[PDB]
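What follows is the residue order along each chain.
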Amino acid sequence: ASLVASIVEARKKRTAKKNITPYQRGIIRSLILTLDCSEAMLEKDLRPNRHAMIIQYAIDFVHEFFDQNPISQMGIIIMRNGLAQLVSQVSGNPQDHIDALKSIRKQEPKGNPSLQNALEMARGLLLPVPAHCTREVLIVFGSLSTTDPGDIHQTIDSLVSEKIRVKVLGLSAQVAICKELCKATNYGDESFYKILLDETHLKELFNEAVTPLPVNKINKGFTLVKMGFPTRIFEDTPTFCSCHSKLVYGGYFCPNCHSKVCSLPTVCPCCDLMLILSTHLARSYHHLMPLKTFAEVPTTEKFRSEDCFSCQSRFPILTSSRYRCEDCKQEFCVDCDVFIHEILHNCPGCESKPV
Amino acid sequence: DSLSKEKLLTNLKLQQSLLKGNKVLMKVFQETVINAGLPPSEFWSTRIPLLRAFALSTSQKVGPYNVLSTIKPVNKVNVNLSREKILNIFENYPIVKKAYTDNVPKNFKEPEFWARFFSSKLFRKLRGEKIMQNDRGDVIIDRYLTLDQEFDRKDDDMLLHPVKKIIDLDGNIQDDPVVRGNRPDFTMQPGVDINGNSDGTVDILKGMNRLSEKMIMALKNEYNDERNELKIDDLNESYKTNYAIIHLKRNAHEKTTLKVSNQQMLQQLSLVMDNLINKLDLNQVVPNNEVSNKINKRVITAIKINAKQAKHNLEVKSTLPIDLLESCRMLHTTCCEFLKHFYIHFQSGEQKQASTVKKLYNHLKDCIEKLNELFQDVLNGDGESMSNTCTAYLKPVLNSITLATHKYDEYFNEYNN
Amino acid sequence: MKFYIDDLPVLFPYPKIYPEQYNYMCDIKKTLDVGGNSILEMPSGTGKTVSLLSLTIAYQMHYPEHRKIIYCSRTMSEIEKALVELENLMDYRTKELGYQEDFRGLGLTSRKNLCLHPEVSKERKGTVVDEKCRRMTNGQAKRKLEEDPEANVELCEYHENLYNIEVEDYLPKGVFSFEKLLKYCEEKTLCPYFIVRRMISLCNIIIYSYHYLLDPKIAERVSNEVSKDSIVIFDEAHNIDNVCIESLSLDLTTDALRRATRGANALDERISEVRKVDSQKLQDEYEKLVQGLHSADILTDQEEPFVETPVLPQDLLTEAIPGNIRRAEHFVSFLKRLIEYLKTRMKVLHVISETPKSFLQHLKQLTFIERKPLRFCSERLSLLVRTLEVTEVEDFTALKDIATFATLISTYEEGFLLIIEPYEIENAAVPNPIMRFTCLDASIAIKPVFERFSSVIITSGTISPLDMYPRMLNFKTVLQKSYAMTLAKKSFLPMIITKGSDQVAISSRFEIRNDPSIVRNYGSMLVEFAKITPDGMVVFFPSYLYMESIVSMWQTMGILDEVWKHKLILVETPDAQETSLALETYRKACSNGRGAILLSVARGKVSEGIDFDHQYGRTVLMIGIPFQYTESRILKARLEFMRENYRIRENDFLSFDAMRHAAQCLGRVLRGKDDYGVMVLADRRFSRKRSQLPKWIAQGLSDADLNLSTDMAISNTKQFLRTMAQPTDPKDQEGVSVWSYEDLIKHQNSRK
Ligand code: SF4
Ligand SMILES: [Zn+2]
Ligand SMILES: [Zn+2]
Ligand SMILES: [Zn+2]
Ligand SMILES: [Zn+2]
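Residues numbered from 1 in each chain as written, not as in the entry; some residues may be left out. Chains lettered and ligands numbered in written order. Part of a larger assembly, values for the part shown. Heavy atoms only, no water.

- As documented in the archive entry, the model was determined using cryo-EM at 3.7 Å resolution.

Shown next, in the form of structure tokens:
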């Protein structure tokens, strides 16, 4: 009787994903993850302790964020002992923040949090940020309270005025002030103050936070942006780099001012212009071109085919596991459905079918 | 406040502060302004986010907390004092700050003072301890008892404020001023001692309430509505996102900077299906060892070329003298700084930038000549044994610099000429 | 949203509605059709006031009777709540119809709440406030200032402007809040008390306290300008019997006796001086008493009676004053020998309890004072004060109290008793004797109400059982049923903590009150719930002394220092004003989310009109059974009388009152269905009382919850928080809990 429970669970899951929309979603991102390292995360209540798992999950989050969206800079400020401590400036290299987080590994989480100080200096760090960049902050929190020097509502008003959004991933339960932050910052939405139920749910939440977010019509910033593809050289001689001032065998060359750099996707240090590859911009095209869900045909009706169109395996036989791409009119197995919907980003049935 | 570009450029003390924090910043700044004489405003003009980050790092302060509650009495007692917590006590209790400042710089020592403080009954009163005449306290600290009492009265006077009638229990109990009933129970009324006086639990409870009020008014610092208050949001319309979807019209330009026929391909197709059903031999695939030898030549040539590519797969190890290595790295660094500032001036595009562009052009020319003179030095220091490698190492930044000079000259001829 | 009942159009200011609200409206309209009274119990977590207000407004507008509306509550807080919701409803109706209908409705309260005379405003005793207002606007002052403008007896310019403009000119139509009325009277310099006193005949709906309906002194005026066939509704008056008891109960202290002696001597010497200088006024008063005129006969409206009418007007004496007290000196000697008799009876050595008839017999045995003068005393004293012009009335308030006592005890004999005990405080340095007057019944004061009005609605949220109130009060209702909670999912989690962390039971008994182990348990789960509580938590001990002891000795352990590190702690001050500042502090602390804890008595001033919601109502630490003080002779006499009357088990009634107080404590968590909260029961003895408990409360009380400890209480609370931290699909409640207009239509057709 487990298949009926699985079916009704899949129905209640798919009721949320019935509506799939091609919203304009931010690509030039600006993501900040502040960390609290206080007495609360010293609890071993989840194995091994909250501090260790948020360290590991932040490592994964950095990797996933830079993989999916390499067109953003990442800054991390830790919270400790009534002080918020900047440990990671916004940068194109994830490895810097990886090393900073590795430093955060060995140190000891202790103290009390101050979202006022944390968000204030996060605002100040987010101040010299260009218009197209979408300023947004992830906040992790384990306390049920917050010691603060002054008002939080002035900070809330300033953050709303400066067009920065937040998303809170609280640990224990809901905190009303964090709900207020999420609602007021997020145009009244309640889809940003999220509480886990276990570590797997925390993993899923982090994966959810990886994704780009849609933007609002009223928050209109539709413009152009100057861009430059550089050229890579492979020279015999080591050559001084502009950024780190040291001898480099290879390195890309600046398209505009003909200097050289060491890493991409990065902006020029000399002509001060952003340099990318077409792979980097095409990386988010699945977000730009979403994929429709695939429908299982019912077991009662007559079937177009009895084996999987894509992976080429036999469909198993009570119910019918034939997920149909209505855009290509072909049914598929669950494994192929998962792979095409998540790993792949094209429908080979729609590739074979001519338009 | 201290947030404008002008304020950040003005704070010379903060500039010196993060200067003294770094060491390569003395190196860079010394070469930039001490050695090259660049305008230090334009030096700091790039490092404005770093300056603001340093300022905001230095600028934060903690929130209030119950420091006396965190004080523990801990046989004997050994003082283990923390200066930040001492100042926390000072800020939380200006009476204790005053008692420090009129006694320690006048009469006795700081650890002696804090031993007297922990001995004092004023400490117990300010903490969550009921005062007792069995305790003797410290007389010097306990002279401040009435001063703290009148501080409490003045603070309560400040803390008084009018109350909203929506929640005013005083208005609630002033509903009926002529309630004539019976005297309520001793159990539920505030109990007293035998002689009618109170024990003082009402005093300690109003004191901790005063602590709460002081904390919330510290929050409420420098740094009608009931219609909104009584809204029942549970029976209201759900909020829906106004996020805009996006379509995509698709019309791409063809790639810019003989035709086969169905009959002919069908004829060839018929012929090759005939050949396919006719025969297929794996053994004929073996080549003629001469055109195959040319294939060997091509393959081996590709291997040699890409192997020489792979032959040049901390920086690289070099046989430079270390001092000259540092000097040339320094010259490369300051040349890069000059070039970046010149590009900042050039891409700015103002007539106000013109003298700056000219002067940085002169500085770039000077850097060019100094690079050449350095090349003369490594010339007569090596006999061009590795002075060639020195020139090649400093080459690409020089090429970019002189390209920028040519660009400046060309735009000068474009506009002026 | 707007729909039709069978003949009734009705508008709801929200698109959504609850089926429980629909059934509530159905039964209320059934009651209004059939005439009389009914008792309905509903879970207070659903919206009540807006729904009943909408039904009443629709009833008045649609039906050609257009009967007025009488709604009464306990506090200014509840009154302001009703005002705000009424304003919202009428605004919605105005928007829906596209125009504003003619409407009038206001509240009723004290000058202490209201008198905007800034000089009078700076007093704290509302009695003094009212007295000063009479002193400078009594009409006598106005006449004296009119004949002599040089006289320095000023008049209230607010009152002067209200003299200038007319009663309909006082306000535009509609409903105005206390705050809106404050703004309006601030603009126009008007006395809102006087305004309200002239709005009485004009308001379509009138709202005031239960006291203004129950106490005869502040109720005869309300009965004067009220329509006999209006609509009467009551809300959350399940503890109104106490108000009924105090409506006719009184106490006697030594210092009050001293003040009465001093006031009588002052009045006697004033009467001697007046007889010396001008006996014309005294002779005029004496002959007016010979004709037998009364307070309404002689006094006008602008002058008020000094001794207000202590008894119900159905029982007053309306004949002439006897000649034995008719003269001023005769009446002074009468009062003085009454005082002397009271001083003789004052000095007993033990507990004395006799019938008022027996007291009257003893009095007529010793002195020679009869029930007719002993009833006429208050009226005669008011007339003597009016004639005497003795407006410095400080020494004579004890005289008012003693005349009130004399009139009250001379009025009734059954269901009333006098208690004399030689100690005002038993456990003091010295005993202090006391006379305590009581009213053993409670249904006395409701008789004018029930026999003056038929359309009277008695309903609440925490009334259980329904029949016990017609048992205790001689009245009957047309229908008696409750409402179950039609809940889609669980939102309230009650627990019964029958044992501590060490499986050690806990109780609130005053003998075992200073038990260190019970202290250790109490502080233990107090700490644990403080650590796991996100926003706001309240604690309700049964008694203030119980608090003061147990908080002082946790202060000795320094547990409060640990509690400091997570939330603030707020304690019910004996000062209501400091308590108001404290609750504001708690409000702002839960507003900024740093978190705070309230400490208030179960019967304390917080518990009777303050709600807590969505961060304020999140978790409540109810402490033990809130039993009353056991060794009250007053309570025992009540128990004896009610058992003799209605065959009531005494311990069962005590448990009744305790659980009803507990329900009143715990009912202030769930404002809307979106809210959630957890309930604790911190006594072992509660397990037998789920059958006593209200039905919708106990329906969430599962059988596994009947005996829990700290550990699984903590685990279940954490899991409840985890549960309530999740979103919910609207499809699971779109037709079972939240109803659209079409949902209500479909349900109505299904009923059809
Ligand atoms: S005249 Fe009006 S404002 Fe003045 S005391 Fe009387 S009610 Fe208050
Ligand atoms: Zn480099
Ligand atoms: Zn460049
Ligand atoms: Zn497949
Ligand atoms: Zn397809």
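1. Some details on the sheet that holds strand 6 (residues 174-175) of chain C
All names here are of chain C.
- Taken in spatial order, the eight strands make up an open sheet running 6-5-7-4-8-13-3-14, and their pairing is parallel. At either margin of the open sheet sits one strand with a lone partner, and together these are strand 6 and strand 14 (480-482).
- Alignment of strand 3 (residues 39-41) against strand 13 (residues 456-460), held across three bridges, turns out to be parallel. Across the sheet, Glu-41 pairs through a bridge with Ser-460, a residue of strand 13. (Pairing = 2+ DSSP bridges. Helix = DSSP H or I, 4+ residues; strand = E, 2+ residues; numbered from the N terminus.)

2. With respect to the coordination of the zinc ion (ligand 3)
Residue and element names in this part refer to chain A.
- Surrounding the zinc ion (ligand 3) are the protein donor atoms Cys-254 (SG), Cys-257 (SG), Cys-268 (SG) and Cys-271 (SG), which sit 2.3 Å from the metal.
- Given four donor atoms and angles of 95 to 127° at the metal, the environment of the zinc ion (ligand 3) is assigned as tetrahedral.
- Each donor residue of the zinc ion (ligand 3) belongs to the same chain, and together they define the spacing C-x2-C-x10-C-x2-C.
- Judged by its relative accessible area of 5%, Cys-254 falls in the buried class.
- On the basis of relative accessible area, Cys-257 is assigned to the buried category, the value being 0%. (Donors = N, O, S within 2.8 Å, 3.2 Å for Na, K, Ca; no water. Tetrahedral: all angles 85-135°; square planar, octahedral: opposite > 155°, others 65-115°. Buried < 20%, exposed > 50% of the residue type's maximum accessible area, 1.4 Å probe, protein only.)

3. Describing the environment of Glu296(A)
Residue and element names in this part refer to chain A.
- Among the structural elements, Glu-296 can be located in strand 13 (residues 295-296).
- Under the relative-accessibility criterion, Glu-296 is labelled partly exposed at 35%.
- Sequence-distant contacts of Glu-296, that is, excluding residues within four places in its chain, are made with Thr-319, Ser-320, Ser-321, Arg-322, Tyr-323 and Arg-324.
- A polar contact of 3.0 Å, which involves the side chain of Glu-296, links it to the side chain of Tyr-323. (Contact = heavy atoms within 4.5 Å. Polar contact = N/O pair within 3.5 Å; in protein donor to acceptor, adjacent residues only side chain to side chain.)

4. Details of the interface of chain B and chain C
- In this assembly, 58 residues from chain B lie in contact with 75 residues from chain C.
- Regarding the contact of chain B and chain C, the summed buried area is about 6,500 Å², with carbon and sulfur atoms giving 60% of it.
- Area buried by chain B at its contact with chain C is led by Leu169(B), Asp175(B) and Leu235(B), which between them contribute 11% of it.
- Counting across the chain B and chain C interface gives two salt bridges.
- Here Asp561(C) ties to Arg127(B) by a salt bridge, and the two come within 2.5 Å at their closest N and O atoms.
- At the junction of chain B with chain C, the criterion picks out 24 residue pairs in polar contact.
- Those elements that provide at least two residues to the side of chain B that touches chain C are helix 12 (145-159), helix 13 (169-173), helix 14 (201-219) and helix 15 (225-229) of chain B.
- For the side of chain B that touches chain C, the leading source of residues is helix 14 of chain B, giving 10 residues.
- Split into classes, the residues belonging to the side of chain B that touches chain C amount to 23 nonpolar, 17 polar and 18 charged. (Buried area = accessible area lost by both parts, 1.4 Å probe. Salt bridge = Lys/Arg side-chain N within 4 Å of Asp/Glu carboxyl O. Nonpolar A, V, L, I, M, F, W, Y, C, P; charged D, E, K, R; others polar.)

5. Here we look at empty space enclosed by the protein
Residues and elements named next belong to chain C.
- In this model, the largest cavity occupies a volume close to 760 Å³.
- Where the lining of the largest cavity is concerned, the elements lending two or more residues are helix 2 (49-62), strand 4 (69-73), helix 3 (76-97) and helix 29 (650-666).
- By residue number, the principal contributor to the lining of the largest cavity is helix 3, which donates four residues.
- Taken as a whole, the second largest cavity encloses approximately 350 Å³ of empty space.
- Its residues assigned to classes, the lining of the second largest cavity shows 17 nonpolar, four polar and no charged. (1 Å grid on protein atoms, 1.4 Å probe; cavity = no way out; pocket = protein on both sides within 12 Å on 5 of 7 lines; lining within 4 Å. Points joined across faces, edges and corners; volume = space filled by probe spheres on them.)

6. Focus on helix 25 (residues 544-557) of chain C
- Taking 1.5 Å as the rise per residue, helix 25 of chain C with 14 residues should run 20 Å; its terminal C-alpha atoms sit 20 Å apart, in good agreement.
- Within helix 25 of chain C, burial applies to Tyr544(C), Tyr546(C), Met547(C), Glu548(C), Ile550(C), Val551(C), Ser552(C), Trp554(C) and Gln555(C).
- If you follow the buried residues of helix 25 of chain C, they end up packed against helix 14 of chain B together with helix 24 (516-532), strand 16 (536-541), helix 26 (559-564) and strand 18 (596-601) of chain C.
- Among the residues trailing helix 25 of chain C, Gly558(C) stands out with phi positive, at a value near 75°. (Expected span 1.5 Å × (residues − 1).)

7. Concerning the nonpolar core
All names here are of chain C.
- Formed by 66 residues in total, the largest nonpolar core has its most connected members in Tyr-522, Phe-529, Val-539, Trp-554, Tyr-586 and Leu-621.
- Sorting elements by how many residues they give to this core places helix 24 first, with nine residues.
- Discounting residues that sit within four places of it in the chain, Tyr-522 has contacts with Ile-506, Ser-507, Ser-508, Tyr-546, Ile-550, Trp-554, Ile-623 and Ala-682.
- Judged by nonpolar contacts, the second largest core, of 64 residues, contains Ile-39, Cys-191, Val-232 and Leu-466. (Core = buried A, V, L, I, M, F, W, Y, C linked by side-chain atoms within 4.5 Å.)

8. Notes on the coordination of the zinc ion (ligand 5)
Residue and element names in this part refer to chain A.
- The coordination sphere of the zinc ion (ligand 5) contains the protein donors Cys-325 (SG), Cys-328 (SG), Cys-347 (SG) and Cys-350 (SG), at a distance range of 2.3 Å.
- Here the zinc ion (ligand 5) is ringed by four donor atoms whose angles at the metal span 99 to 126°, and the overall shape comes out tetrahedral.
- The sequence pattern describing where the donors of the zinc ion (ligand 5) fall on their chain is C-x2-C-x18-C-x2-C. With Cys-328 in the loop between strand 14 (323-325) and strand 15 (330-332) and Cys-347 in the loop between helix 10 (334-343) and helix 11 (348-352), the pair connects residues that are 19 residues apart, well separated along the chain.
- Given a relative accessible area of 0%, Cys-328 falls into the buried group.
- The exposure class of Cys-347 is buried, given its relative accessible area of 5%.

9. Things to note about helix 6 (residues 126-137) of chain C
Residue and element names in this part refer to chain C.
- Between its first and last C-alpha, helix 6 extends 16 Å over 12 residues, near the 16 Å set by a 1.5 Å rise per residue.
- Every buried residue of helix 6 is accounted for by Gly-126, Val-129, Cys-133, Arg-134, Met-136 and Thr-137.
- Check the buried side of helix 6 and you find it contacts helix 4 (111-114), helix 5 (118-121), helix 7 (140-147), helix 8 (157-164) and helix 10 (192-198).
- Within two residues after helix 6, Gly-139 carries a phi angle of roughly 95°, on the positive side.

10. Here's the deal with the sheet that holds strand 15 of chain A
- The strand order across the open sheet built from three strands is 13-14-15 (chain A), with neighbouring strands paired in antiparallel fashion. The sheet is open, and its two borders are formed by strand 13 and strand 15 of chain A, each paired with just one other strand.

11. Observations regarding a nonpolar patch on the surface
- A contiguous nonpolar surface patch, about 750 Å² in accessible area, is contributed by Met227(A), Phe229(A), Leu281(A), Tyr285(A), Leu288(A), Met289(A), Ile246(B) and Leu248(B).
- Turning to its location among the elements, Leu281(A) is positioned in helix 8 (residues 278-282). (Patch = residues over 30% accessible without salt bridge, like charges linked within 9 Å, V, L, I, M, F, W, Y side chains within 5 Å. Areas by Shrake-Rupley, 256 points an atom, 1.4 Å probe, with all protein chains shown as cover.)

12. Thoughts on the pairing of strand 5 (residues 165-170) of chain A
Residues and elements named next belong to chain A.
- Taken across its six residues, strand 5 has six buried, putting it largely inside the fold.
- In strand 5, alternate side chains face the same way, and those of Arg-165, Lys-167 and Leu-169 on one face and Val-166, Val-168 and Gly-170 on the other are all buried.
- Where strand 4 (residues 134-141) lies against strand 5, six bridges are found, and the strand directions are parallel. Considered in strand 5, the bridge of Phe-141 is made with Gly-170.
- Where the polypeptide runs from strand 4 across helix 5 (residues 153-161) and back to strand 5, its parallel neighbour, the crossover connection is right-handed.
- In the sheet, strand 5 pairs with strand 6 (residues 193-195) via three bridges, with the strands oriented parallel. Paired with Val-168 across the strands is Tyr-193, a residue of strand 6.
- For the crossover from strand 5 across helix 6 (residues 176-185) to strand 6, the handedness is right-handed. (Right-handed = clockwise from strand over helix to strand, strands pointing away.)

13. Considering the site of ligand 1
- Taken together, the residues surrounding ligand 1 are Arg111(C), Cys115(C), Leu116(C), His117(C), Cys133(C), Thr137(C), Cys156(C), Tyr158(C), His159(C), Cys191(C) and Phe194(C).
- Partitioned by chemical class, the residues of the shell around ligand 1 number seven nonpolar, three polar and one charged. (Near = heavy atom within 4 Å.)

14. What to know about unusual backbone geometry
- Omega for the peptide link from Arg47(A) to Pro48(A) comes to 0°, which places this bond in the cis form.
- Along the chain, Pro48(A) turns up in the loop between strand 1 (29-36) and helix 2 (50-68).
- The linkage connecting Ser464(C) with the following residue, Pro465(C), adopts the cis geometry, with an omega of -5°.
- Tracing the sequence through the fold places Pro465(C) in the loop between strand 13 and helix 23 (468-472).

15. Topic: the interface of chain C and chain A
- The partner chain A presents 18 residues to the 19 residues of chain C that form the contact.
- For the pairing of chain C and chain A, the buried interface totals around 1,500 Å² over both sides, and the portion due to carbon and sulfur atoms is 48%.
- Linking chain C with chain A are one salt bridge.
- For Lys12(A), the salt bridge is made with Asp729(C), and the minimal N-O distance between the two is 4.0 Å.
- At the surface where chain C touches chain A, the tally comes to five residue pairs in polar contact.

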